[PDB]
Protein chains: 6
Amino acid sequence: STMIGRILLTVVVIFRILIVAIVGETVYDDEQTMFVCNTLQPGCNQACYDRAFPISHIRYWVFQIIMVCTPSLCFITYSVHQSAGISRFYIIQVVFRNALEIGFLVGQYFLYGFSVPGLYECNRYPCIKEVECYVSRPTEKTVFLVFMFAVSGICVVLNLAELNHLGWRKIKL
Amino acid sequence: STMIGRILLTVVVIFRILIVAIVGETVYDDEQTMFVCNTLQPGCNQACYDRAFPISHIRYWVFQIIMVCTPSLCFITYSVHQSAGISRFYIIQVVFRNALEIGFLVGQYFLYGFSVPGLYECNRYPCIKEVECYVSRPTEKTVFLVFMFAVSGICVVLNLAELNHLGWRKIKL
Amino acid sequence: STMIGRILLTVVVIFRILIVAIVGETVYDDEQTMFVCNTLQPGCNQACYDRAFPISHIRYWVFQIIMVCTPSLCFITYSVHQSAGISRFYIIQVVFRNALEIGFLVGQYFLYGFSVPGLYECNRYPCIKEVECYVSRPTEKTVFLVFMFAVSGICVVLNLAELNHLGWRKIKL
Amino acid sequence: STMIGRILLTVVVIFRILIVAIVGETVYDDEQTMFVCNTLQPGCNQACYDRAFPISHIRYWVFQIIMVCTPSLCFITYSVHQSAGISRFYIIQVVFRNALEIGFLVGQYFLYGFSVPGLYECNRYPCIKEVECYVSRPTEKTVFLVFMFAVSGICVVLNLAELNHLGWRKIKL
Amino acid sequence: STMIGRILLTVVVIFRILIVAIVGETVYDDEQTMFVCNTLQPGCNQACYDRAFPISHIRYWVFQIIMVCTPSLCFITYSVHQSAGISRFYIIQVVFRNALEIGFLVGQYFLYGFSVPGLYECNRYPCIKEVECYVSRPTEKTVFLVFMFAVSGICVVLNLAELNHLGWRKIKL
Amino acid sequence: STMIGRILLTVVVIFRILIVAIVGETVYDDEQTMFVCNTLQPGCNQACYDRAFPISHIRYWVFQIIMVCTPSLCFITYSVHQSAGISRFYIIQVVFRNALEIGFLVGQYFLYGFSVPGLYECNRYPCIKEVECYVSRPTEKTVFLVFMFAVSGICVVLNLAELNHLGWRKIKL
Ligand SMILES: C=C[C@H]1CN2CC[C@H]1C[C@H]2[C@H](O)c1ccnc2ccc(OC)cc12
Ligand SMILES: C=C[C@H]1CN2CC[C@H]1C[C@H]2[C@H](O)c1ccnc2ccc(OC)cc12
Ligand SMILES: C=C[C@H]1CN2CC[C@H]1C[C@H]2[C@H](O)c1ccnc2ccc(OC)cc12
Ligand SMILES: C=C[C@H]1CN2CC[C@H]1C[C@H]2[C@H](O)c1ccnc2ccc(OC)cc12
Ligand SMILES: C=C[C@H]1CN2CC[C@H]1C[C@H]2[C@H](O)c1ccnc2ccc(OC)cc12
Ligand SMILES: C=C[C@H]1CN2CC[C@H]1C[C@H]2[C@H](O)c1ccnc2ccc(OC)cc12
C-alpha cells in the first residue's frame, strides 16, 4: 500500500500549507497591540510580551513548512541538472525528510507546549517586582496549536510508513 | 436527473467559495477592536471577548471549505498517479463528502446557533462579579450566519440526492 | 437589433463589476470608525451604527453581482458537461436573469432609498432616550447609490428587450 | 500624420492609467483622518469634511478612465461578435470618445478648479456659526490636479486631430 | 564596446525599478503620522508638514521611472504598428531619453538636495511666530536619496556613452 | 564534486529569498510604533529611534539579495544578446559574486553585530541629558539576525568552493 500513502501525504501537505497561508497571518495580527499589563511603568509591556512569546507560532510554522519542502526541491533540481543514479538520491531524500519532520515536531512541543494560558506573570526589568499581563485570543491560538500538532503527527506517521516500506537495507545503501 | 444535480452542486460550491473569499474577511475585521465592556478593570475586555467568541466564524468556514474540497483533491491526485479501478474510488469519495458536509453543518449549529446577540454578560476573571459587553455589527453577522447555513443545507441535499442515485447496493460493494 | 443589445449588456455588466471592485471597498473603509454619537454612554455607538446600517451597501452589491452572474455560469458548465438541447436552456437562463435583476433592483430601493442622510436619531438600548449621531461621507455614498441604481435600471431594460425579442410563444414552450 | 497621432494617444493613455493606479490611492489615503477643525462640537469634522470634498479626486479620475475606455471595449466586443461594416462603427466610436473626453475635462474644471486651498471656512450644522478647518497635503493634491488636467488636455487635442483627419464629409455619412 | 553598455544599462534600469517598487513605499509609510511639532495650535502640524515636504520622494521617483521608460514604449508601439525607417526612430529615442534623464537628475538635486535634516523651523499660519518640528527616519531617507542619485548618474553616463558612440553626424541627419 | 555544490547553492538562495519575502516585512512592521522612551519631551522618540536603528535590517537584506542576484542577470542578458566567448564571462561572474557576498557579510557584521539589546541609552537633542528607551521584539530580531548570518556564511563557503574548483590558473587568464 505504498501508493495510498503517497496520495495521503501529498494531500495532507497541501492542506497544511493552505490552512497556514490563509488564516495564520490574520489570527496573529494584533498579538502585541492587544497585549496589556497592569502597570504604569513605561516599557513593561514590551519586556513582558517579549518574554512571554519569544517567537510567534506563525513564523515557526512557516519556517517548518519551507524546511520540510526543501529536500524535494533538492531532488527536483538534481533531476533537472541531470538531463541537459536517481534511484539512490530518493532514499536519502526520504531519510532527511523523516528526520526534519520529527525534529520540528519535537521542537514545537518543547517550545510551546499544548495550550496558551490567558494570564502571564512577568518579572522582567523595568517592571517592578512581579506584574500580571493578559493575552489576546488564547482559545483560538490553543486550537491552532493542537491542530498543527495533529497534522504534523499524521505526516510523521506516513513518512515512517514509507521509510519502512523501502526497507532499512535501502537506507543503509 | 443526475446531471442537473452535479451542475447545481458545482455552481453552489463556487458561489459559496466566492462569497466567503470576497466579503468574509472584511466583515470580521474589527471584531475585537470595536468590542467594548462597561468596566475600568484592565484585561476584562480580552477575557470577555475570548469567552464570547472562542473561534471566529470566518475561520470555521474557511476550514470547512478546505475540508469539504479535500476528497476531490484525493481523487484527482489518485487519477494523476494512475496514469504515468477508478469506478470504485468514486463511491467512497461521495460517501466521505456526504459525511463531512453533514458533520460540519451540525457542528456549526451546535457552536453558533442562529443569531448573534448585541449584548453579552461576562463573569470571567479579572472582571469583578458580572459585567456587560457590546458586540460589533450583530445584524450583519446574523445575516451571514443564516446565509451560510442555507447554502450548506442545499449542498447537503444535493449530495444526498447523488448518493441515493448511486444506490445502496453499489455502495455496499 | 438583438446584437447591439447583447453588446451593450456585456459592456455595462463589465463596467459595473470594474467600478464596484475598484472603488467600493475604499469608499466604505472607515464607515464605523468615523461614526460618532453625542453621548457618554459606552456601547451606544455600536448599537446606533448597527441600527442605522444593518447591511453595508458594498456587500449587498457584491452579492447582487455574483447572483446575477450565476445563471451564465450554470449555462457554461452545462455546455461543458454536454461535450465529453442547448437551445432550450438559453430561454430559461434569460428568464431567470430577468427575474433576479428585477428583484435585486426592487430590494435595493426598499432597503436603502435614494439618499444617505447626514444625521441619525437613535433610541436603542443602552442609549438614554434619543441621541444624535453623525454619518461619514454621506454625499459620496448618495452618489454611489444613485449611480448603481441607474446602471441596474439600464441592465433591466436591456434584459427586457432581449426577452421580448425571444417572444412569448417561444418562452411558453 | 495620422499614425504618430495614434502612437502618442496610446502612449498617453497608458501613462495616465499607470500614474493613477500606482500613486493616486496612496496620496489620498489619510484625507479624512488628518482633516481637523478648530472646535469642540462632536460631528463638526464629519460635516465640514463632507462639505469641503463632496467627491474625492481619485474616484472621479477612476470613473473618467473607465468611461473613456468603454467605447473601445464596445468596438472590440462587436468585432468579436462579428466573427464566429466595421469601417462605420469606427467613426461613431471616435466621435463618442471625443465627446466623453471633452465633457470629463469640463466637469473636472467646474468641480475642482485649479488648486486645493490649505484652509476651509465651514458653517454647516452642527458647527456653531463659522469654523476654520485645515486640509492635508494641499500642495501635492494641487500638483496632481494640474498634471491630470494637462494630460487630459493633450488627449483631447490628439482626439480632435484624429477626428479632423477623418473628415466632416465622412463623419456625416 | 557598445554592447556591454547596453547590457549594463538594462541591468541598472531593472535594479532601480525593483529597489523602488519593493522598499520605497514601506520607507515613507508613516511620514506624516510620525511628524510632530512642539505646539498646541490645531492645524500647525498639517501646515508645517506640507511646507517641509511639498512632494514626497517616492512619488517623484515613480514619475521619473515612468517618464524615462516612455520613449522605449513609443518605439515598441511604433514597431508593432509598422508590421501588420526604424533605423531613424532609434536615434531620436536615444536623444529624448538622454534629455529626460538629465532633466530629472537636475530637478532632483534642485528640489531635495543631498540630505534630510532631523529638525525643521516652520513659520506658516496658523503657527504662532516660529515653531520647531521633528522628522521621521531622516537617516534612512538620506541614504535612499544618495543611492537614487548615484544610480541616476550611472544611467546618465551610460546614455551619454551610447549617444557618443552613435556619432554627431548621424544625430544631425 | 562540482554539481552538488551548484545544487545546494541554488537551493539555499531560493530558501533565503522565500524566508525574507514571507516573514521579514511582518516582523519589522511596528518597529517605530512600539518604540517608547521614558520622557515627556516632544520629538525625543523620533531622534532616539533614528539613532538606534539608522537602517532597518529588512531593507539591508533586500538590497543584499538584489545585488547578489545582479551578476546572474547580467550573464543571462548577455547570453540573450549574443544570440539574435561565453566561457570567459562565467569566470568573471563567479568572481564578482564571491566578492559581493563576502562584502555584504562583513558589512552586516560591522553594522548590526550579533544581537539586538532590549534597552537603549539615548542622548540626542532634544532629549535632556540621557534617556532610556525600550525596543520591540528584541528576541525575534536577534534570531532573525543570526539565521541570516548563518545562511550567508553557507553561501560564501559554497561560492569559495566553486571558485577553487574553477582554478587559479584559469582565473588569471
Ligand atoms: C493566500 C494567502 C494570501 C496572503 N498572503 C498575501 C496574498 C496571499 C498569499 C500570501 C503570501 O504571499 C504567501 C504566499 C505563499 N506562501 C505563503 C505561506 C504562508 C503565508 O503566511 C503564513 C503567506 C504566504
Ligand atoms: C478575492 C479575494 C482577495 C482577498 N484575499 C487577498 C487577495 C484576494 C484573495 C484573498 C486570499 O488570498 C484568498 C485566496 C484564496 N482563497 C481564499 C479563501 C478565503 C479567503 O478569506 C476567507 C481568502 C482567500
Ligand atoms: C481590482 C481591485 C483590487 C482590490 N481587491 C484586491 C486587489 C484587486 C482585486 C480586489 C479583490 O481581490 C476582488 C477580486 C475580484 N472581484 C472582486 C469584486 C469586488 C471586490 O470588492 C467589492 C473585490 C474583488
Ligand atoms: C498597480 C497598483 C496596485 C494597487 N492596486 C492593488 C494592487 C495593484 C493594482 C491596484 C488595483 O488592483 C487596480 C487594478 C487595476 N486598475 C486600477 C486602477 C486604479 C486604481 O486605483 C486608482 C487601482 C487599480
Ligand atoms: C513588488 C512590490 C509589491 C508592492 N506593490 C503591491 C504588490 C507588489 C507590486 C507593488 C505595486 O503594485 C507596483 C507595481 C508595479 N510597479 C510599481 C512601481 C512602484 C511601486 O511603488 C513605488 C509599486 C509598484
Ligand atoms: C510572498 C510574499 C508576499 C508579500 N509581498 C506582497 C505579496 C507577496 C509578495 C511580496 C512582495 O510583493 C515581494 C515580491 C518579490 N520579492 C520580494 C522580496 C522581499 C519582500 O519583502 C522583504 C517582498 C517581496
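Scroll up to find the structure this text is about.
Residues numbered from 1 in each chain as written, not as in the entry; some residues may be left out. Chains lettered and ligands numbered in written order. Part of a larger assembly, values for the part shown. Heavy atoms only, no water.

Enquirer: Just checking my understanding: could you explain a negative patch on the surface for this structure?
Expert: Side chains of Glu 25 and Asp 29 of chain A, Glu 25 and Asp 29 of chain B, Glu 25 and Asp 29 of chain C, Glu 25 and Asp 29 of chain D, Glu 25 and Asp 29 of chain E together with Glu 25 and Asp 29 of chain F sit close together on the surface and give a patch of like negative charge. Relative to the helices and strands, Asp 29 of chain B is located in the loop between α1 (2-27) and β1 (36-37). You can call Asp 29 of chain B exposed: its relative accessible area is 62%. (Patch = residues over 30% accessible without salt bridge, like charges linked within 9 Å, V, L, I, M, F, W, Y side chains within 5 Å. Areas by Shrake-Rupley, 256 points an atom, 1.4 Å probe, with all protein chains shown as cover. Salt bridge = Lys/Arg side-chain N within 4 Å of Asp/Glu carboxyl O. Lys, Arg positive; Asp, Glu negative; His and termini not counted. Charge placed at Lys NZ, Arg CZ, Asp CG, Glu CD. Helix = DSSP H or I, 4+ residues; strand = E, 2+ residues; numbered from the N terminus. Buried < 20%, exposed > 50% of the residue type's maximum accessible area, 1.4 Å probe, protein only.)

Enquirer: It is not clear to me how the state of the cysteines should be interpreted in this structure. Could you clarify?
Expert: The bond known as a disulfide is covalent and runs between the sulfur atoms of two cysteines. Applying the stated criterion to the full structure yields 18 disulfides over all chains. A sulfur-sulfur distance of 2.0 Å marks the disulfide that ties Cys 44 of chain D to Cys 127 of chain D. Every disulfide takes its handedness from the sign of the S-S torsion; for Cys 44 of chain D and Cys 127 of chain D that torsion is 115°, giving right-handed. An identical accessibility class is assigned to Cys 44 of chain D and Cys 127 of chain D; each is buried. The cystine pairing of chain A, numbering bonded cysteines in sequence order, is 1-6, 2-5, 3-4. Of all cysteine sulfurs, the one in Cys 69 of chain F lies closest to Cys 155 of chain F, which takes part in no disulfide; the gap is 9.7 Å. (Disulfide = S-S within 2.5 Å.)

Enquirer: What am I meant to see in the interface of chain A and chain B here?
Expert: How big an interface is tends to be stated in terms of the accessible area lost upon association of its parts. At the junction of the two partners, chain A supplies 26 residues and chain B supplies 26 residues. Regarding the contact of chain A and chain B, the summed buried area is about 2,300 Å², with carbon and sulfur atoms giving 69% of it. When residues of chain A are sorted by the area they lose upon contact with chain B, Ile 7, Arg 137 and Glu 140 of chain A head the list and together hold 23% of the total. With its nearest N and O atoms 2.8 Å apart, the salt bridge here joins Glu 140 of chain A to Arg 59 of chain B. Scanning the region where chain A abuts chain B turns up eight residue pairs in polar contact. Taken together, the elements giving at least two residues each to the side of chain A that touches chain B come down to α1 (2-27), β3 (131-134) and α5 (138-166) of chain A. Take the side of chain A that touches chain B: its biggest share by element is eleven residues, from α1 of chain A. (Contact = heavy atoms within 4.5 Å. Buried area = accessible area lost by both parts, 1.4 Å probe. Polar contact = N/O pair within 3.5 Å; in protein donor to acceptor, adjacent residues only side chain to side chain.)

Enquirer: Could you clarify how one ought to interpret the relation of the copies chain C and chain B in this entry?
Expert: What relates the two chain copies is a rotation about an axis together with a slide along it. Mapping chain C onto chain B calls for a rotation angle of 60° and an axial translation of 0.0 Å; the resulting RMSD is 0.1 Å. Viewed as a symmetry operation, the transformation between the two copies matches a six-fold axis. Closest approach to the rotation axis within chain C is made by the C-alpha atom of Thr 33 of chain C, at a distance of 10 Å. (Least-squares fit on C-alpha atoms.)

Enquirer: Could you clarify how one ought to interpret the site of ligand 4 in this entry?
Expert: Residue and element names in this part refer to chain D. The environment of ligand 4 is made up of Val 20, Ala 21, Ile 58 and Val 62. When ligand 4 sits alone it has 500 Å² of accessible area, and the protein chains cover 43% of it. Among the residues making up the shell around ligand 4, the classes are represented as four nonpolar, no polar and no charged. (Near = heavy atom within 4 Å. Nonpolar A, V, L, I, M, F, W, Y, C, P; charged D, E, K, R; others polar.)

Enquirer: Mind showing me how you'd approach the sheet that holds strand β3 (residues 131-134) of chain E here?
Expert: One key point about sheets: their strands pair by backbone hydrogen bonds, in either a parallel or an antiparallel sense. All names here are of chain E. On the basis of which strands lie adjacent, the open sheet formed by three strands has the order β1-β3-β2 and antiparallel pairing. Two strands in the sheet have a free side with no partner beyond their single neighbour: β1 (36-37) and β2 (119-122). Its contacts with the sheet place helix α2 (residues 44-52) against β1, β2 and β3, and it is angled at close to 110° to β2. (Pairing = 2+ DSSP bridges. Axes fitted to C-alpha atoms, helices over the stretch in contact; angles between N-to-C directions.)

Enquirer: Where do I start with the packing of aromatic side chains in this structure?
Expert: Both the distance between ring centres and the angle between the ring planes are used here to describe each pair of aromatic rings. Evaluated as defined, the whole model comprises 104 aromatic pairs over all chains. Between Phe 75 of chain F and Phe 89 of chain F the ring centres are 6.0 Å apart and the planes differ by 20°, which places this aromatic pair in the stacked class. Owing to a relative accessible area of 18%, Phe 75 of chain F belongs among the buried residues under this scheme. A connected cluster of aromatic rings, assembled from ring pairs, spans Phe 15, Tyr 28, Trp 61, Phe 144 and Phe 147 of chain A together with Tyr 60, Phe 63, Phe 104 and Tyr 112 of chain B. (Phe/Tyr/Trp six-rings, centres within 6.5 Å; stacked < 30°, edge-to-face > 60°.)

Enquirer: Sorry, what's going on with the interface of chain C and chain B here?
Expert: In this complex, chain C contributes 26 residues to the contact, which on the side of chain B involves 26 residues. When the two sides are added together, the surface that chain C and chain B hide from each other amounts to roughly 2,300 Å², 69% of it contributed by carbon and sulfur. Looking at the side of chain C facing chain B, the largest losses of area belong to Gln 32, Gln 46 and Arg 59 of chain C, adding up to 24% of the total buried there. At the junction of chain C and chain B, the tally comes to two salt bridges. Our enumeration of links across chain C and chain B arrives at eight residue pairs in polar contact. Counting only elements with at least two residues in the side of chain C that touches chain B, the list comes to α2 (44-52) and α3 (57-82) of chain C. It is α3 of chain C that contributes the most residues to the side of chain C that touches chain B, eleven residues altogether.

Enquirer: Would you mind going over the arrangement of the chains with me for this structure?
Expert: Contact between chain B and chain E is absent, and the least distance between their C-alpha atoms amounts to 20 Å. Taking C-alpha atoms as the reference, chain C and chain E come no closer than 17 Å and do not contact one another.

Enquirer: It is not clear to me how the environment of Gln 46 of chain A should be interpreted in this structure. Could you clarify?
Expert: If you trace the backbone, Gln 46 of chain A turns up in helix α2 (residues 44-52). Judged by relative accessible area, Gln 46 of chain A falls into the buried class, the value being 10%. Along the chain, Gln 46 of chain A and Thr 77 of chain A lie 31 residues apart, while their C-alpha atoms are 44 Å from each other. Sequence-distant contacts of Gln 46 of chain A, that is, excluding residues within four places in its chain, are made with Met 34, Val 36 and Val 135 of chain F.

Enquirer: Would you mind showing me how to read unusual backbone geometry here?
Expert: Note: most residues except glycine have negative phi, and most peptide bonds are trans. In this chain, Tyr 125 of chain A is followed by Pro 126 of chain A through a cis amide linkage whose omega measures 5°. Mapped onto the elements of the fold, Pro 126 of chain A is located in the loop between β2 (119-122) and β3. Although it is not a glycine, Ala 84 of chain A sits at a positive phi angle of roughly 60°. With respect to the element layout, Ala 84 of chain A can be found in the loop between α3 (57-82) and α4 (86-112). Unlike most non-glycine residues, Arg 137 of chain F shows phi in positive territory, near 50°. Position of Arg 137 of chain F among the secondary structure elements: in the loop between β3 (131-134) and α5 (138-166).

Enquirer: I tried to follow the sheet that holds β2 of chain A on my own but got confused; where do I start?
Expert: Residue and element names in this part refer to chain A. Across the sheet, which stays open at both edges, the three strands sit in the order β1-β3-β2 with antiparallel pairing between neighbours. One side of each edge strand has no neighbouring strand; the edge strands of this open sheet are β1 (36-37) and β2. Where β2 meets β3, four bridges bridge the pair, whose relative direction is antiparallel. Bridging from a neighbouring strand, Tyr 120 pairs with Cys 133 of β3. Taken strand by strand, α2 contacts β1, β2 and β3, and its axis lies near 110° from that of β2.

Enquirer: Could you clarify how one ought to interpret the side chain of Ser 56 of chain E in this entry?
Expert: Mapped onto the elements of the fold, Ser 56 of chain E is located in the loop between α2 and α3 (57-82). Once you skip the residues sitting within four places of it in the chain, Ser 56 of chain E turns out to touch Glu 140 of chain D together with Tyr 28, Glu 31 and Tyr 112 of chain E.

Enquirer: Is there a simple way to explain the site of ligand 3 in this structure?
Expert: All names here are of chain C. By nearness alone, every residue bordering ligand 3 is listed as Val 20, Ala 21, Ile 58 and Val 62. When ligand 3 sits alone it has 510 Å² of accessible area, and the protein chains cover 44% of it. Mapped by element, the contributors of at least two residues to the shell around ligand 3 are α1 (2-27) and α3.

Enquirer: Just checking my understanding: could you explain the pattern of salt bridges for this structure?
Expert: In a structure, side chains of opposite charge can pair up when their charged atoms sit close to one another. Enumeration over the complete set of coordinates arrives at 48 salt bridges over all chains. Ionic pairing is found between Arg 16 of chain C and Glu 101 of chain C, a salt bridge with its closest N-O pair at 3.0 Å. Given the relative accessible area of 1%, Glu 101 of chain C is considered buried. Of the charged contacts, one joins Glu 162 of chain E and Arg 6 of chain E as a salt bridge, the two residues approaching to 2.9 Å between their closest N and O atoms. For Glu 162 of chain E, a relative accessible area of 10% puts it in the buried group. For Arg 6 of chain E, a relative accessible area of 36% puts it in the partly exposed group. Overlapping salt bridges, with partners in common, bring together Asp 30, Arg 137 and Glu 140 of chain A together with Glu 31 and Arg 59 of chain B in one network.

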